[PDB]
Structures are given as structure tokens and as C-alpha cells.
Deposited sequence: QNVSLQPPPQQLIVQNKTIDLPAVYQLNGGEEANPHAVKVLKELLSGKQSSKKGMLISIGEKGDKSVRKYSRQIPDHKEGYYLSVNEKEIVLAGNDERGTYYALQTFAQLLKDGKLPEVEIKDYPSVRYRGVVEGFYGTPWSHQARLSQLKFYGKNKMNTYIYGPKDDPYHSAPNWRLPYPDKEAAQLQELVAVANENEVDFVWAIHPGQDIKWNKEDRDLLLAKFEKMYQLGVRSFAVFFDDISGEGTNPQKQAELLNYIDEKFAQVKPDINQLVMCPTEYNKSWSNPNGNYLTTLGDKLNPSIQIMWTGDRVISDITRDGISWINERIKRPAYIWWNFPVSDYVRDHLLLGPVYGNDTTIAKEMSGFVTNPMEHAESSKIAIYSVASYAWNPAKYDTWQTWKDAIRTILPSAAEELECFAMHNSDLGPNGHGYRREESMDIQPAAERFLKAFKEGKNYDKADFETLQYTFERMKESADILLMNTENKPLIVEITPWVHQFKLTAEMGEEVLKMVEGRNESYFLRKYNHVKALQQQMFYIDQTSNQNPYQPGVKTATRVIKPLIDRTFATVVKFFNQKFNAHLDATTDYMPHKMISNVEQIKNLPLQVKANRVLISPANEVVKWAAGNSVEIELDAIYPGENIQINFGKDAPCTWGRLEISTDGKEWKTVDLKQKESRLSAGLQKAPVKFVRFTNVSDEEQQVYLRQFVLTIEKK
């Protein structure tokens, strides 16, 4: 069961799902929950479904937890009970019930369940290509299955979300799409929260306030019932906390508290993590004091990218005078775009549920791939006391890709770290093989003999990686997932082939070694060609994989064996580990830039564009040699 329930008593009997059944409370329970129950009983004992207060569930009123979104669930030989404290609770009972049913069978169980954190879900809030409409449809259904009740729409690059077109209603096509997303959100018990991001060019006047409210009104007409205003990542007048708080309170008093049926009203502050706060400035205490108490305030932790600690959340809660609504910046990869972040969710304090109003994850622009972290976050926010990092990661993968779960585990296990970055945030990766790696390498470098078992583990790892990559490439169960990851799967296969060949180099005679060495060089060039043609975004272009432990191991082993060979045979083989066509500290190629890692000869004459050192326009001059750090060319 994911999320794990608050309380579970298991009998180790099982019963058959009733072929004949009496349904009770069908006409009066949450229709969303009844429809789910009706699909499970498709094709087909008393079955009682309802909310506390329905006649159907009167007998169980004392067992239904007294919590928002709580439910009581029971399966024995005589009857099944599915009883929410409220309509969403009934739906949630059904989502648990759906996981109990396996091959027409049910375990005898009794569950009392409820979430520890009130708002749980996803903020689509990253920079990059916004999720596709089809991907959002898929996400919403995923959220309902995992008891996430919150979807905050706010892609930084949607021009109708952010500046200047925040002021304009969505075009007809986009409008009808959002209208469909809201309906689907509603059917899956998810609050569609529409965010606006106006602060970079907002004027503190009646004109812009009215345009904002008019925009909120248009969204309301599309079916939207929760709203957010984001003031993150801006400078200038829009950073004024008094004005922000006045605007939010106006929205609250003239809009949210005036419509019949508005739910969440959320803001993200300009000072949205501690490092970006001014402890000595008046910004957060002003919001805390002035913002109306029903309005939620978002927080990403001690840093833009960070895990949530007891001390960290105490710090913010004391200032905002309410429990922070956490905006968790993982697995978002918009600042390490050459990486996929597919590892487990961990690092968040599991005892601080009372200290947060909400917990949402900011995911990758890769929607399907983000489901691993999203599933885990749903498990963590619902039952943080029972949260199990590794089991939930494994459960997520088996959920997303049952036909190739182990292959996806293999790929994800080695695609979890971010590499060095300006946010200082890192994750573990390849932890299984890390000790056999460091040992193999330490011994190897010193001239000491390595353990054969360690050499075999590495060998076994490369073999498994190639099986996993080729199987994932051909998988048709979740095509959108395969599309997202495919460039990384190719790079991951090359990595493993490169590992096997390097290991063969450590292992016969001069001729054989030279074959292996030339093969390694060709594989390096192939990796370079993938890094240069795939995922060519303006920020971190290319495709990096197994970067924490596996690639450094392979590279360092390769450099070492080439050195020993050169000493033994008095040779001059090139030991460099990344392919570079241009000659020169390693050079790097990024899009049409050639740079020296913080005289040069290009492999051809190109028209020059510019040169920047830490600048001169080259006005298209033919160029092949630069002597005296980035050269831009036409390419």
C-alpha cells in the first residue's frame, strides 16, 4: 500500500471479491468514488460505501477517523466497508481498496487512514518546456491514485502565467485545454490551482490590480477554484511586501471570500528560502503580520534547493506566523538540464508534519520520468512517520513500468546525482557498487593486486546496464516515458560498453590491448556525438549519465592502464578520456561555443561570431586558430 495507511490490522486470511454483491450507499456516496468501485466490480455480500452522515455507513461512524480526507476501510467474510469522513475520504478509501484487489482477491483487513499533511501534490513550476497537455492529463490521474489533492499550475515559460501576457486571457485553444484539465482534476479529487507570476512588471495601481482580478475571473469561468500569486525570482517594485500583502488580501476579500466555492489561495514570497532571505530586513515579518490568515505562504527551505528540516521550518514559521506550505525543489532539473534525477526521495524530516500546511514537489520538464519522485512524495506527505525511502522508490518504478521494473531500477539507480552545480545540491548514486569501485581503483593505481570479486561486480554491472538500456529502448508499455529518457538510455548503453572494454584493457597481449584501446576511443567519440546532438537546450545542453561513480571509475581506470601500457612498451598513447575534435585544461563544446574549462585549433575553418574572456565581435571572419574564455562560431 502506497501511501502506507495510518493504521492497518491484517488478518492472514484472504477472501474472493464478491461475484454477487449488495451495494449500499451507491446513490448517496461521492460519485467519483462510486464510479471507481463500479469499474472494479465490472463484470459482476454486502458493500457499504458513503460519507460519515450517510445512512449507508451509520454502523461505522465511530471507526471513521475524525480527520479531513480520512476514511475507514474494512474487508471480512461478511462485508466490505468503504467509509470516508468526507467525500474525498471516500475516494481515497477506494484508491486503497484498488491496491488490495489482486487477481480477483482481497485480504481480510481493517484500515483507519488519513493524511498527516493537509495539501499534497505537485507544482508545475519549473523553467523549460511546459508539460504537454497529454502529459498533464496523465499526471492528474496519477495524483488521484496516490492521494495527492493539489496541482499548482505555474510553468515559468507559459507567457499567459508570467510577464507580460499574465494580463491577457488564454487563447481559445489553450483555454479549452485548461477547461479540460480542471474537469479531469475534479474527477480525480485534485484541486487545480492556477498560479500567476506578475511581479516582474506589475505596477502597484488600480489598472494592474483590476487586470489581475479580471484574469482570475477568466480562469474562474474556465472552472478554476484555487489560485496562487507567485513573486519568486524577480527584482524591482514587485518585491514590496506591503503591496504584495495588500494585493493578496484584496484578492482574498474581493474574490476568494466573495465567490461561492473557492478553495485554496496561496502565495510564493520573494524571500522564499532562508539563504535568499534577509534575517535583518522586514520582508518576511511584514508578510507574516499583514497577510490574511487563510492565505498560504510557500517556502523551499534553507536554500533554493534543499531538504526540509525541523530547525529550518521553525525558522520560517516563526516569521510568517503560520505553518509554511513547502515548495520542494526536487526532482526539478531545470538548472542541471543534461541530467535525469531518477533516484529516491529522501532528506526531509519525517516528524514535522504538524509544522507544514502543504508539501508540493517541483518536478522535471520530463513528466513521466518525474513520476518516481512524485509517487514517493505522495507517500511521504500522506504518512511521513512510516515513510520508507527505498521501498517507495521500488514501488513507484514497479507502478510506472511493471513490464520492465528491474531494468528501470537499474537505469534509475545510476541516474540520480545532479553533478556539480551552483545550488550545491547533490544526491547519492550507484551506492551498491561504490565500495567495489573505490577499492578496485585504489589498488589498481598503487600497483597492488585488486580482488577478482570486485572486477566481477563491475563486469556484472556493465552487463546489466546493456540489458536494461536495450530493453527500455524497445518498451511499449509507457511510450512517453521511453521518449523522454531515450537519449540518456543511449548514453547509458555507451557508458557500459565503454566499461567492458576498459576492463578488457586491464585484463592479454599488445595487439589485443590496442584493439580495445581503439574501441574505447570510438565509444568516447560516440558519447560526444550524443552530447552534441541530443537535448540541445541553451543552458546545460547534452546528455550526462552514471556520472557520480561509474563514469569516473571508467575514465580513471582507462587513464591508468594507458599510462602503464606507455611505460611498458615505451609508447605514447593518448590517455585523455573525453573526445574533443578541436585542439588546445580540457576544451568543451556547448552548442556553437568552444570554451576552455573554467592557443586553440578548430577541426575546420568556421565563420567566427564572437569571443568572450573573463569581448570582441568577429563579424563572420573565417577562423581556425585562436591564440592569446569562450569562442562562438556559426554552426
Deposited residues without C-alpha coordinates, grouped into stretches that follow sequence order: 1 to 4, 49 to 54, 518, 596 to 604, 619 to 631, 648 to 680, 695 to 708, 716
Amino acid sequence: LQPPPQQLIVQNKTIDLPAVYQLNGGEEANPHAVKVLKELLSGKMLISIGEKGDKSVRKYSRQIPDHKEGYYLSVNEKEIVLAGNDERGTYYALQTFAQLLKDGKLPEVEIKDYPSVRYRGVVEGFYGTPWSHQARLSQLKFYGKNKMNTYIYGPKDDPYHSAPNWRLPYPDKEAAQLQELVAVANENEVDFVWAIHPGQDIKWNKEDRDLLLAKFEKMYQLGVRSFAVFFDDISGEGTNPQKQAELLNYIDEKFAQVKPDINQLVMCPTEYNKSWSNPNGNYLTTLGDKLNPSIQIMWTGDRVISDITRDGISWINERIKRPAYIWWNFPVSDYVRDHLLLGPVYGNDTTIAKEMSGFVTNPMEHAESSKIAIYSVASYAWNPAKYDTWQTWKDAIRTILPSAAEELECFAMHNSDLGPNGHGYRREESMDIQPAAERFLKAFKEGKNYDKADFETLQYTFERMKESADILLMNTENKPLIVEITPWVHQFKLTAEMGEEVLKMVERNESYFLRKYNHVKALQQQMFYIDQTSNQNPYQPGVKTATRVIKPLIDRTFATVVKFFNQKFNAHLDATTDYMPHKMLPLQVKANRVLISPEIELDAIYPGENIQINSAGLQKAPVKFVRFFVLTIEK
From here on, numbers count along this sequence of modelled residues.
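Whichever C-alpha set is largest while still superposing within 1.5 Å between the two forms counts as the rigid core.
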field: Farther-lying stretch by C-alpha RMS in 7 other deposited structures of this protein, rigid core as reference, of 216 to 224 and 271 to 279
entry: 271 to 279
task: Would you please confirm whether residue 50 lacks atomic coordinates in a third or more of the other entries that were compared?
output: no
statement: Taking the deposited Cα B-factors and averaging over 260 to 268 and over 205 to 213, the higher mean is found in 205 to 213
query: Per the PDB record, is the mean Cα temperature factor higher over 449 to 457 or over 303 to 311?
result: 449 to 457
- prompt: When you compare the CA B-factors of 88, 442, 466, 366 as listed in the entry, which one comes out on top?
  reply: 442
Maximum C-alpha temperature factor, selected from 520, 80, 185, 396: 80
statement: So, residue 434's CA B-factor, relative to its chain, sits in which third? The highest
- prompt: Split the chain's modelled residues into thirds by Cα B-factor; is residue 555 in the lowest, middle or highest one?
  reply: middle
query: Considering only modelled residues of the same chain, in which third does the CA B-factor of residue 512 rank: lowest, middle or highest?
result: highest
query: Can you tell me which third, lowest, middle or highest, the CA B-factor of residue 112 falls into for its chain?
result: middle
- request: Comparing against every modelled residue in the chain, figure out the third that the C-alpha B-factor of residue 72 lands in (lowest, middle or highest).
  value: middle
